[PDB]
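Trainee: This one is an experimental structure. Sequence first:
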Amino acid sequence: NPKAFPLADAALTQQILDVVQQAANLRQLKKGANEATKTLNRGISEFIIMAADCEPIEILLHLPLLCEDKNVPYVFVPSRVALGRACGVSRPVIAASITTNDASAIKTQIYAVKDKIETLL
Amino acid sequence: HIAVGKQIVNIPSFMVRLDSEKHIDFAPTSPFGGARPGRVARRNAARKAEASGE
Amino acid sequence: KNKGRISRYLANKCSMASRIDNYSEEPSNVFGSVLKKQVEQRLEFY
Amino acid sequence: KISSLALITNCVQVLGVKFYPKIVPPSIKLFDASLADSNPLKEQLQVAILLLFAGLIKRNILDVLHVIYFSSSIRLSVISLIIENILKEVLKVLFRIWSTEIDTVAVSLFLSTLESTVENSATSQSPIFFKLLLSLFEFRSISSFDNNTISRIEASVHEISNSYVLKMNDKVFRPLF
Amino acid sequence: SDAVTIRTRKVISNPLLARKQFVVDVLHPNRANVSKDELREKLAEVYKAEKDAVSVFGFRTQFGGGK
Amino acid sequence: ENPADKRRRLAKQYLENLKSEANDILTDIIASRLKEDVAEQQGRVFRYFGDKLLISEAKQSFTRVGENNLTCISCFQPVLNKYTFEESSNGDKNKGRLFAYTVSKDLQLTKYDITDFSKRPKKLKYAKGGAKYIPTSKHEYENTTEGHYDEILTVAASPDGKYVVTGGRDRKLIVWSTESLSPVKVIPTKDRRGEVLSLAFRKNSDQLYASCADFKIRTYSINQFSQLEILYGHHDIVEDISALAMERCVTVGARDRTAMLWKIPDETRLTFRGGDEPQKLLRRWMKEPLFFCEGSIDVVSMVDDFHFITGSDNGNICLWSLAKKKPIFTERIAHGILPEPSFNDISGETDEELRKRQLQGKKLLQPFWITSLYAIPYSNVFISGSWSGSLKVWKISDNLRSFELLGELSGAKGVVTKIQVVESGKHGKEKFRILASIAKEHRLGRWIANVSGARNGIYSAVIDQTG
RNA sequence: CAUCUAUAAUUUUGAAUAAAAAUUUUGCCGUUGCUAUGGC
């Protein structure tokens, strides 16, 4: 399906999920479609991760509009349950937003993943 | 209050390495990450328990 | 109070339905019906 | 039967609202009734006897306690009423009723009475009390019970005896020891 | 709670001076500074020798305590 | 009358028994039996029944359990000592009464008897935590209320049979006396995020290793009720632990995909990293399908003192040896690919071809997680389990360089939280009960509940061997 | 833990009740027979 167009391969998924857990730990990550849209509106998002097997896909498919409107990288990953593990919560998550903060330890990681996402876009 | 790995460090210039910056935490002796609260807290507690007794 | 609870739950399900119907070429009474049943079951719980 | 219960409870109410030469003859008639009884009508009867005993003790103590013993939680409650209202005479009552006694529930109520009395002078009460312990040990010797049961009574009596000897002053019961 | 550990490393059996010479690590958390007498008692228990045969010396407590 | 004479008497009785059983076998051998009974502490696999097993005729039996989402299980099995000769069990009623303990998210501890390998595990006793044990300070080191109030997560039964010790999300750790299930001692982990994630006893000993999710590994001595040590070194939650007769343990830290082996007395650790590359795999297959890349390492068990097996969350089972840093033999998707989501439900649009395009073919397939893994100590068989509703029994080669699928068992259904094994019979004829705590959800978080027909229970499979 | 006790097993008396020795698979719902399996 080309609706979830940029879908990460195994390696890029690894690094994406790793930086997602890092940001969840330093608490630079907003979890959920609604809060992600909120960060997107406020323009505080470094980039967006989405699930690719949502039931159905449109409920989060709304996001790429705002993403590529405001020039914020976005990427799909295979499994929402994997994304939930990566975030560190008890329930499957479908879309999360890595926010932006200059005083972060994971700066260089987020920038590497965002680099590769942009290349893939 | 902050021990790297297992070893309390009290030098602010310490130049953590990579894995060390993963391992920083509160020391197992701190009132913050461990044992009984500090002197001010337990002095206040003694004061309040005594004043309740009287 | 449960008026506010149910109102907000309905708002969430409504937004999801709007997403589906906007980005689906020919939407499906199947998802409409199941989401309505979900809200109905919550209301029955109340 | 039901007529008797009605008479009983009417006596209960009238005495609670409220002479001796016409309050003891009903007591006598009531011991007669209790021994004659000693079926759910009979149980609720015995309850009525217990209730009127509670009222009269509130406002022959020996056979009163006899009927109380040989008549559960209600029984313990009325015992607590007995100890709160009414003590040397109570001690003689205890000794005589034990002699009459020598089953499980009666013995348990007996031990409860002893513990209540002792937690509730002592020189006067001492000798019959020690004779009572003598009798309880003889009961251990001749009782138709089980080892665990008899040991339960044994520990209880040792505790109460320790309490009473602690209460009493020493030089007075030296010869008693 | 408080469980002192005595463990040995670098055991070199030196039969010239008729002994075993080793390096002792004592893990004392939430405690200060285990005694040499207790060290000798427990070392004798472990090594099945006599507290008169065991000897230790030179104990330095690491920064932050517990070892 | 003398201790030495007593020991001689017991030993000669042992020899009488050995000679009688040797004659029975007949209807070298004695030296061999003695040497094996020695051979336990030298940590080379010696127990080689890898192919005498009769998997196809293993008798399978589910047993439902009341509470929901059993989290974990621990089995206690009395042995006979070889220094002395009394027994492993504590009292005298027991005399070889096989026990099991199950802990459930519903905050329940449940001990069963499984002595008879033909009847269902009988529920002897239980103890339930609950909300009434919530600490009144709630904000200090002391956390010492005599019960659990959140998500008991692991259990371990002491090899001497006196205590069983449980720990979970409440950041406590409670040792119970087995008979009355009574809580005898409570030890806090004293860390805000120090949740206990796994428990393992050093075999035949009273040193307990608790892998805790504050990135640490605590180590307690139980016959003294104290915390000996903390071991540091992981980067993510130290998700699972396993220990054997030596003074070592092995752990898997999850996200760093890192298995670390802890030699305690030396105070040293050895780091094992995986490192398959899917594109290399593709090139190699061209020289010769789907190659998922390793997400996290989930479960671990030592087969031996020098070899251990780690099941990850991308279908991989790796066999590692202490010599080489890379795994010596990795094995691909163990329990197959997770079934495809339905087209209608992925799409939300009635056009059938559009829905199929939504399903996207292969690119949304994922592998089953290895949720449980267990190697019978010092033996050459190990049991792997996922939520594919089938335990897989595997046998390692004799050279300890590879392993193959010995067989399957399809009686399970659900998420296999934990696997355990119990032996019985004579030294020549050994019956093997395989217990599995099965529930609907993975024990750490929810993440998953849609499984066809999962039921909370204990899955017991009795295996007999002939040859 | 040991012991005692309790429950439950036999012995004896009595057709038997009775008497004593003395001894030693589920939380909720469903399908399914003489155990197995559904759903919440």
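Mentor: Everything's here; your move. Numbering: from 1, shown residues only, chains lettered A, B, ... in the order given.
Trainee: Tell me who's in contact with residue F:155.
Mentor: Contacts for residue F:155 (CB atoms under 8 Å, 6 or more residues apart in numbering or on different chains) come out as F:72, F:73, F:74, F:101, F:102, F:103, F:109, F:164, F:165, F:166, F:199. Every C-beta, even on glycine, is put in place using the N, C-alpha and C of the backbone.
Trainee: which SS class is the closest residue to the last one other than its chain neighbours?
Mentor: Pointing back at residue F:199 there. Nearest non-adjacent residue to residue F:199, counting by CB to CB, 6 or more residues apart in numbering or on different chains: residue F:156, 3.8 Å away. Here residue F:156 is strand, with the state taken from DSSP: H, G, I helix; E, B strand; the rest coil.
Trainee: Residue F:156 touches residue F:165, doesn't it?
Mentor: Yes. Residue F:156 lies in contact with residue F:165 (CB atoms under 8 Å); the separation is 5.5 Å.
Trainee: what ranges do the helices span in the stretch 251-400 of chain F?
Mentor: Taking DSSP state H, counting those that start in this stretch, the helices of the stretch 251-400 of chain F run over residues F:278-287, F:343-347, F:352-359.
Trainee: most packed of those?
Mentor: helix F:343-347 (a mean of 21; mean count of other CB atoms under 10 Å in any protein chain shown).
Trainee: Which helix or strand contains the closest residue to residue F:196 other than its chain neighbours?
Mentor: Distances taken as CB to CB, 6+ apart place residue F:167 nearest to residue F:196, at 3.2 Å, with adjacent residues excluded. Taking DSSP states H and E as the definition, residue F:167 sits inside strand F:163-168.
Trainee: And the next helix or strand after that strand, what's buried?
Mentor: Later in the chain than strand F:163-168, the nearest helix or strand by DSSP H and E is strand F:174-177. In terms of neighbour count (16 or more other CB atoms under 10 Å in any protein chain shown), strand F:174-177 has its buried residues at F:174, F:175, F:176.
Trainee: Pop out the phi and psi values for the residue in chain C positioned nearest to chain A.
Mentor: Per CB to the nearest CB, residue C:23 is where chain C lies closest to chain A, at 4.0 Å. Here is the backbone geometry of residue C:23 (degrees, to the nearest 10): phi -100, psi 0.
Trainee: hang on, the earlier thing: can you list the helices of the stretch 251-400 of chain F in a markdown table and add distance to residue E:19?
Mentor: Converted to a markdown table, those look like this (distance: least, CB to CB, whole Å):
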| stretch | distance to residue E:19 |
| --- | --- |
| helix F:278-287 | 56 |
| helix F:343-347 | 76 |
| helix F:352-359 | 76 |
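Trainee: Which stretch among these approaches chain E most closely?
Mentor: Per CB to the nearest CB, nearest to chain E of the helices of the stretch 251-400 of chain F: helix F:278-287, 41.5 Å.
Trainee: okay, the closest one in PDB with CA atoms only?
Mentor: The C-alpha coordinates for helix F:278-287 follow below in PDB (Å, rounded to 0.1, in the frame of the first residue of the first chain):
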ATOM      1  CA  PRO F 278      20.100  -8.700   7.200                       C
ATOM      2  CA  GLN F 279      21.800  -7.500   4.100                       C
ATOM      3  CA  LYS F 280      24.800  -9.800   4.700                       C
ATOM      4  CA  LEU F 281      22.200 -12.600   5.200                       C
ATOM      5  CA  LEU F 282      20.600 -11.700   1.900                       C
ATOM      6  CA  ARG F 283      24.000 -11.800   0.100                       C
ATOM      7  CA  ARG F 284      24.800 -15.200   1.700                       C
ATOM      8  CA  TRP F 285      21.400 -16.600   0.600                       C
ATOM      9  CA  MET F 286      22.100 -15.300  -2.900                       C
ATOM     10  CA  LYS F 287      25.400 -17.200  -2.700                       C
END
